[PDB]
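Trainee: Got a sequence here, can you model it:
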Amino acid sequence: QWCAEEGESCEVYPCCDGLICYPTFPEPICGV
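Mentor: Numbers count the residues shown, from 1 in each chain. Here you go:
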């Protein structure tokens, strides 16, 4: 996959299962 899933950084690509980009450091993560 090219999109960012659950537990991956969405600094280059968006979410996959409809997750949200959390303000996590250093880079945000996709989570519902």
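
Trainee: contacts, neighbours, all on C-alpha from now
Mentor: OK.

Trainee: give the contact list for residue 26.
Mentor: With CA atoms under 8 Å, 6 or more residues apart in numbering as the criterion, no residue contacts residue 26.

Trainee: cool, and residue 31?
Mentor: By CA under 8 Å, 6+ apart, residue 31 lies in contact with 6-7, 19-22.

Trainee: Which parts of this protein are strands?
Mentor: 20-22, 29-31 (DSSP state E).

Trainee: just these: most buried one?
Mentor: Each of the strands of the chain was scored by mean neighbour count; the highest is strand 29-31, a mean of 22, by mean count of other CA atoms under 10 Å.

Trainee: Sort out which one of the contacts of residue 31 lies nearest residue 13 for me.
Mentor: residue 21 (10.3 Å; CA to CA).

Trainee: bridging residues for that closest one?
Mentor: residue 30 (DSSP bridges).

Trainee: who's in contact with residue 32?
Mentor: 18-20.

Trainee: Then residue 20?
Mentor: 29-32.

Trainee: what about 10 Å?
Mentor: 5-6, 10, 14, 28-32 (CA atoms under 10 Å, 6 or more residues apart in numbering).

Trainee: thought residue 28 was touching residue 19?
Mentor: No - counting by CA atoms under 10 Å, residue 28 sits too far from residue 19 to count as a contact (11.5 Å).

Trainee: Which neighbours do these two have in common?
Mentor: With CA under 10 Å, 6+ apart as the test, residue 28 and residue 19 both reach 7, 10.

Trainee: what's the first-to-last distance across stretch 16-32?
Mentor: 11 Å (CA to CA, to the nearest Å).

Trainee: cool, and stretch 17-32?
Mentor: So stretch 17-32: terminal residues 9 Å apart, CA to CA.

Trainee: How far does it sit from its chain's centre?
Mentor: 4 Å (CA atoms, centre = their mean, to the nearest Å).

Trainee: How about stretch 8-16?
Mentor: The answer for stretch 8-16 is 4 Å, by CA atoms, centre = their mean.
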